[PDB]
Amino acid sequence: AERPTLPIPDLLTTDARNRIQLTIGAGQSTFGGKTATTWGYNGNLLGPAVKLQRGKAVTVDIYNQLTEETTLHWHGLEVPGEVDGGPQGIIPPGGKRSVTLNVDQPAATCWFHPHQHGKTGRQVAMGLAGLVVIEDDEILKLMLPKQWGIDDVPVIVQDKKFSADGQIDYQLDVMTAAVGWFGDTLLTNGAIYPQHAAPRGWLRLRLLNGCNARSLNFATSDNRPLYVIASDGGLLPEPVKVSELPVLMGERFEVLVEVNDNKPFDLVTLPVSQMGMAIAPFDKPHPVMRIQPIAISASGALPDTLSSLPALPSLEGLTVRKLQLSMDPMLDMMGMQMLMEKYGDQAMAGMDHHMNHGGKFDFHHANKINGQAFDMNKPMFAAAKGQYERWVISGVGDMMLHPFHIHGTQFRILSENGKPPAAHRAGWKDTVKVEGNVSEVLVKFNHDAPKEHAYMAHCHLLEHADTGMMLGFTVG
């Protein structure tokens, strides 16, 4: 059998009333010939790409046709807390919520997904994620590849595992609370190892790591380079040529790759040094999708310059906030034990050389920031509006991977886990690596968030956030 074609999310724009309609619902999908109940936006699985324009307002009508509560968060969008869709943004089952997004940030690929309190991992694992394509005047002048689904394609990469009956096998338990939910099956826009037919010249890939817990590292099967043009929050100042591209959970990068006649190649993910993530088939390079060259010329350019990246300011005088991430030692030890018992030494490949005691020892609140498991009723602090702050985020005390994400902003990384950031990570980011060390970011919030609709800051290893590694904060 031939490989399925890469599914392409519909690129959705507003109607005459200026509205975009999103319906959240359950249906069936097929994986390896076996049906599974899945959830999607405007469909059975995953979701559309919502197209937004800087300086224009759109209204999104969100219909929850699930039988449980959910929320819809716009990861990477700089919007007020009231429309941010964090855990306080509840949409009742069978209900509708509408939000107006006043887009005011540069062109970027953002995304959206649920933020249901303590259930975000499950709801994403079930299928809910969509994309946001923000454009502005600046990006269109660059004449990058721009034909959606032809030479400009989104690539949402996710793992799942399935039970013998074919259903998605999700659990939030002591093991996954420590190391995350991960699986053995890799999906690319929902499909297993699809092919994408691309014209000769430049191919633009908008890469999203949509895994709950698995970090990825993209490369090509024949070692042709990737030219990074954009990060979470938009364009880099100029392209950055890489041979491999690590992507943390929830991160986006846009890359250009050359397509030449008669030479198909795969986009692959390389084994990572993260606990549990190098179990077969992920102990070796793993194909993500096959690029099939078409002998028709592609019109897109890779310009020498993309955008202007403003200078980092002086750091003296700016508020410094400490965010200490932590995991309960016993539940970290127990989750790791369970992982080692199940998979053996392979669960640490590539790394460096039973009774009820009550609610105090519950793994559901074992993960914390500044000694507190997330309390939705108590924002931990009030950040300044329109002022640069230096946020210092520490994972000293455990060796788990914490891609730390801050709502309401695109920031600049000053130190990523104890080193200056790589060039392609030095632009606009909404995620920073924290793993047994300390990161520092320079952040500014341009919009208000009240106690009732607070911004979140949390680990994007979703099972950590669901078991307490999140805080709320207000702005204004």
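So that there is no doubt, residue numbering starts at 1 and follows the sequence shown.
For the segment pair 306 to 314 and 109 to 117, the entry gives 306 to 314 the higher mean B-factor, averaged over Cα atoms. Remark: stretch with higher mean C-alpha B factor among 189 to 197 and 164 to 172 is 164 to 172. Of the candidates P225, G86, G250, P285, it is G86 whose Cα B-factor is highest according to the PDB record. Per the deposited coordinates, the residue with the largest Cα temperature factor out of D232, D151, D104, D184 is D104. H460: CA B factor lies in the lowest third for its chain, per the PDB record. For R206, the recorded CA temperature factor ranks within the lowest third of the chain's modelled residues.
Sort the chain's modelled residues by C-alpha temperature factor and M470 lands in the middle third, per the entry. When the CA B factors of the chain's modelled residues are split into thirds, the value for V79 lands in the highest one. Sort the modelled residues of the chain by CA B factor and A373 lands in the highest third.
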